[PDB]
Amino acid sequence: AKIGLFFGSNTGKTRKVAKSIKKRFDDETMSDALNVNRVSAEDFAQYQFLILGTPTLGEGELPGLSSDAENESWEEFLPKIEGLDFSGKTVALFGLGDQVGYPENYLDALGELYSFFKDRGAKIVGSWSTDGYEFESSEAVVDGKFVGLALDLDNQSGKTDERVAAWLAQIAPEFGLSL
C-alpha cells in the first residue's frame, strides 16, 4: 500500500478506530490497520505516508509495559525506529483518551508521539480544534489546538464517526487522496 496505518492499543478502542479509518480506502491506497506489536522497523520505514493512532495510559504515558498494557506497544516500538529519519515524510496522528477521568492528561500520549516524529523532521498534518472537549491540560495541545485528531470513546462515542470523517477530509490533500 501507499499509506501505512499503525496503532497501539490495550483494550481495543484505538484498533477499532484504526480499522474504521482503513474501512474507506483501497488495498493500494492504504495498508491494513497494523499493531506496532508486530511491525519491523524495516517494514515501518518503507512508508512515506503514515497515519498513527494511540491511547494514553497510566500516568499520561504511551501504552506499553511501563503503563501496564497487557502486551508491548508504542513504548517499546519507538526505540526500534528512533534511529530512523522522517524528513520528507508525512504523518497524521490520532489519539484516544478519557477527558473526564483524566482532565489534566487528556491525550498526553498523542503529545509524546507528536514529538517523536516531529523531532525527526516529519511533516505533520491533522491538527484538531479543542472545541467540544472538556479537559484542563493536554500535552497534545500546541498553540491552543490538538496536534492530531482528538477522540474519546469513553465519554463521547457519539461523535467519533463525525470526528473521524472530518479529520480524514481534512488530511486528504496531504495524503494524495482524491477525497
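Counting begins at 1, following the sequence as shown.
- Stretches 58-66 and 149-157 differ in mean CA B factor, with 58-66 having the higher one.
- According to the PDB record, 11-19 carries the higher mean C-alpha B-factor of the two stretches 11-19 and 163-171.
- Between the residues 125, 122, 113, 39, the entry's highest C-alpha temperature factor is the one at 39.
- Sort the chain's modelled residues by C-alpha temperature factor and residue 82 lands in the middle third, per the entry.
- When the modelled residues of the chain are ordered by C-alpha B-factor, residue 95 sits in the lowest third.
- Sort the chain's modelled residues by C-alpha temperature factor and residue 117 lands in the lowest third, per the entry.
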